[PDB]
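Here's the structure we're looking at; comments come further down.
Chains as they are written, first to last, in our numbering: chain A, 58 to 271; chain B, 105 to 336; chain C, 2 to 13.
Written out as structure tokens, the structure is:
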């Protein structure tokens, strides 16, 4: 099996900048049958380059492919707003076709610390017997962020989940939401509920909390 | 013009087999290679295999050899992907994709690479039963009242299957809105949150209502979110 | 090497 390596997996670049994406094969790609695809969130992949350097009619000429053997490159002359997406290379130089793991090209922008908010469970949910505590990290950059749940200062594990939005099309930030869930009974055995946040844009952890029943 | 149309999303129990169809129109169904590619949530693309209808020539990826069958019905220009012994890890969007061609029209020389893609088909492998979500408020913090930015939202929890849509004030409010990807809880039910930040001063000159729609359970809630008032 | 991906080219 031919392994296609796409490194780095993420490139943070400025609008209008040039972009070069590398795709290296574990072994020679038959007849240079290497292809590149673009995929935006929620959409199906789209062919950009085939045969290592051929560009189908319709694809912007700012995209070009080069290389042969085991070293291929996808070049984007200048990044338009719609070019920030994920790029996959694929080899079909033999019956067993394979894709690389993809490279995400995102918008680089000034560091932005997250605005943190904590929400206690609604009385409506409490009546149902469960308690969900939510923590929101709003409009931060870069994407790397970490959330720790502490109840009465005890680190929580296995009772929370989170998800992150796609990069905002207007301000290029990310937002993250984390939910801590406990049964009503367990929720009422503790007092201080806190969400501790760490991010490149914070010189020290930011903690937001509330006290049950206050 | 080549258009590939796939069958709708489907929930499948573990151990069962799923069948996904892809109906083609335009170009030539019989003489171009048709492949299937899947993508698990948050993961990359993976070629599963393909078929050349004219001579029923199949080609499967080793990883799926023994669990997959790809067939093509030339009388309807429909290709089929069958995947057996389903496991939760098979939960993914499955796409059919036909080889592209060179030159004008859609009957030129085949290029091998995938130029035509279907809209994809989300296959969810789970033992969960359809269920409507409860919609709870994420009330604006009272400790922000005067001046500044306030955050509020809605918690849409315990629903199955995907998807759920959320809008604010019937679509009139979009600025500052963040509707997060759902998470799959240990119970096998989904949960998502939608939030919005607004000027704290607007908490008295504007109402906030999240409009939640979960078609499978016919759950359609318009939840008003306001400051919670408490005594003492 | 018999590339399944080259078959439709041969037939065309």
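The beta-carbon is built from N, C-alpha and C at its ideal position, and this holds for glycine as well.
Quick check: the region 227-247 of chain B against the region 239-259 of chain A, are there 3 or more CB pairs under 8 Å? no
Going by DSSP, which residues form a beta bridge with residue 272(B)? Taking the first residue of the second chain as position 1, residue 272(B) is located at position 168. Answer by DSSP bridge pairing, in chain order: 277(B), 314(B).
So, helix, strand or coil for residue 245(B), using DSSP? On the second chain, residue 245(B) is found 141 positions in, with the first residue counted as 1. Note: residue 245(B) maps to coil in three-state DSSP.
Is the CB of residue 191(A) under 9 Å away from at least one CB in chain B? As a working mapping, residue 191(A) is identified with position 134 in the first chain. Judged by the 9 Å Cβ criterion, residue 191(A) is in contact with chain B.
Tell me whether residue 107(B) sits in a helix, a strand or coil according to DSSP, three-state version. If you number the second chain from 1, residue 107(B) lands on position 3. If DSSP states are grouped into helix, strand and coil, residue 107(B) belongs with the strands.
What are the boundary residues of the beta strand (DSSP E) that includes residue 106(A)? As a first step, residue 106(A) is located in the first chain; it is residue number 49 there, counting from the start. Per DSSP, residue 106(A) belongs to the beta strand (DSSP E) from 103-106.
Please name the residue, chosen from 183(A), 169(A), 73(A), 182(A), that lies closest to residue 194(A) on a Cα-to-Cα basis. For this step, residue 194(A) is matched to residue 137 along the first chain. Checking every option, the nearest Cα to that of residue 194(A) belongs to 169(A).
Going along chain B, which residues have a C-beta under 7 Å from residue 159(A)? Along the first chain, read from residue 1 onward, the residue named residue 159(A) stands at position 102. Residues of chain B passing the Cβ test: 148.
Starting from the N-terminal side, write out each stretch of the beta strand (DSSP E) that is 3 residues or longer and does not extend beyond the region 108-174 of chain B. 114-116, 122-129, 138-143, 150-156, 161-164
Kindly indicate if chain A contains any beta-carbon less than 9 Å away from that of residue 12(C). If you number the third chain from 1, residue 12(C) lands on position 11. Output row for residue 12(C): interface = no.
Of the choices 138(B), 314(B), 108(B), whose alpha-carbon is the least far from that of residue 271(B)? Here residue 271(B) refers to the residue found at position 167 of the second chain. Of the candidates 138(B), 314(B), 108(B), the one whose C-alpha sits nearest the C-alpha of residue 271(B) is 314(B).
Distance cutoff 9 Å, beta carbons only. Does residue 318(B) sit that close to anything in chain A? Against the second chain, residue 318(B) aligns to sequence position 214. Output row for residue 318(B): interface = no.
What is the DSSP secondary structure of residue 8(C), reduced to helix, strand or coil? To locate residue 8(C), count along the third chain from 1; it is residue 7. Helix at residue 8(C).
Could you compute how far the alpha carbon of residue 257(B) sits from the alpha carbon of residue 145(A)? Position 153 of the second chain, counted from the start, is the residue given in the question as residue 257(B). Position 88 of the first chain, counted from the start, is the residue given in the question as residue 145(A). The straight-line gap from Cα to Cα measures roughly 36 Å.
Residue 195(B) vs residue 186(B) beta-carbon contact at 9 Å: Residue 195(B) sits at position 91 when you count from the first residue of the second chain. Residue 186(B) sits at position 82 when you count from the first residue of the second chain. Against a cut-off of 9 Å, the Cβ pair of residue 186(B) and residue 195(B) comes out as no contact.
Those residues which DSSP pairs with residue 221(B) across a bridge: As a working mapping, residue 221(B) is identified with position 117 in the second chain. Its beta-bridge partners are 201(B).
What do you reckon, are the CB atoms on residue 224(B) and residue 101(A) nearer than 9 Å? If you number the second chain from 1, residue 224(B) lands on position 120. If you number the first chain from 1, residue 101(A) lands on position 44. Yes. Within cutoff.
I need the straight-line Cα distance from residue 148(A) to residue 123(A), nearest angstrom please. Here residue 148(A) corresponds to residue number 91 of the first chain, with the count starting at 1. Here residue 123(A) corresponds to residue number 66 of the first chain, with the count starting at 1. Roughly 14 Å between the two C-alpha positions.
Just verifying my parser: in three-state terms, what is the DSSP assignment at residue 87(A)? On the first chain, position 30 is the one that residue 87(A) refers to. Three-state result, residue 87(A): helix.
Between which two residues does the beta strand (DSSP E) carrying residue 187(B) extend? Reading the second chain from its first residue, position 83 is the one you call residue 187(B). Looking at the DSSP string, the run of the beta strand (DSSP E) that includes residue 187(B) is 182-187.
Residues near residue 134(B) by beta carbon distance below 7 Å, same chain, minus five either side: In the second chain, the residue the question calls residue 134(B) occupies position 30. Closer than 7 Å at the Cβ level, and outside the excluded window around residue 134(B), lie 157, 158, 178.
Go ahead and pull the three-state DSSP assignment for residue 183(A). Position 126 of the first chain, counting from 1, holds the residue named residue 183(A). Helix at residue 183(A).
At 4 residues or longer, what runs of the alpha helix (DSSP H) sit wholly inside the region 202-249 of chain A? 241-244
Could you name the residues of the region 193-207 of chain A whose beta carbon sits closer than 9 Å to any beta carbon of chain B, in the order they occur along the chain? 193, 195, 196
Residues bridged to residue 188(A) (per DSSP): In the first chain, the residue the question calls residue 188(A) occupies position 131. Residue 188(A) is bridged to 239(A).
From 78(A), 227(A), 263(A), residue whose alpha carbon lies closest to that of residue 173(A): Working through the first chain from its first residue, we reach residue 173(A) at position 116. Nearest of 78(A), 227(A), 263(A) to residue 173(A), Cα basis: 263(A).
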